[PDB]
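To begin, one chain is listed below as structure tokens, in the form deposited in one PDB entry.
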């Protein structure tokens, strides 16, 4: 029974329409610009004006849940306004993962098939435990393949033995958590890597990442 919020600081329309297929019972475009608000409104969207003063989608969602009075317990699925494609079915998966795996933040990943993105700092790497509980997210390749990378010359000699995972920009969290998230001070960790999800891990909170 989730609600979708798309942080949007036409690309957005695709996220928007992919969102509609998700089964979301509400899809809001979160923006900080009149031009985006109007454009968003032009494709039949509920819009929420937010301030410029947010360094992350999660942070912007916090204001959105306040302004709209989204009840604490409502499940919010942040679908970053830059998402390539989302089999909408997955969105329902992550949302239900909150209670399935007993966590305040659920997310998703995809099996990496090209090794060149292992080493791309804009391709965020994620790695979990046996149940999908995240160990760490990084712009650096994780895990490290000592035997293949130690004095590695060709990215194409690299054998990705189903070890690698690329993080997708979709979060599932109840409004109340987004409020808590932003009640935490920004971390050095999230700020070095520029990855909002690292505030949850740093605050001793766990994250679930589904394949």
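Residue numbers count along the first chain shown, from 1. Basically, rigid core = biggest C-alpha set you can superpose within 1.5 Å across the two forms.
What comes next is about the form deposited in another entry, which does not appear here.
Of the candidates 163, 152, 185, 49, the Cα that moves 2 angstroms or more after core superposition between the shown form and the other one belongs to 49 alone.
With the core held fixed, the Cα of residue 61 is displaced between the shown form and the other one by less than 2 Å. Once the cores line up, the CA of residue 21 ends up 2 angstroms or more apart between the shown form and the other one.
Once you line up the core between the shown form and the other one, the Cα of residue 40 ends up 2 Å or more from where it was.
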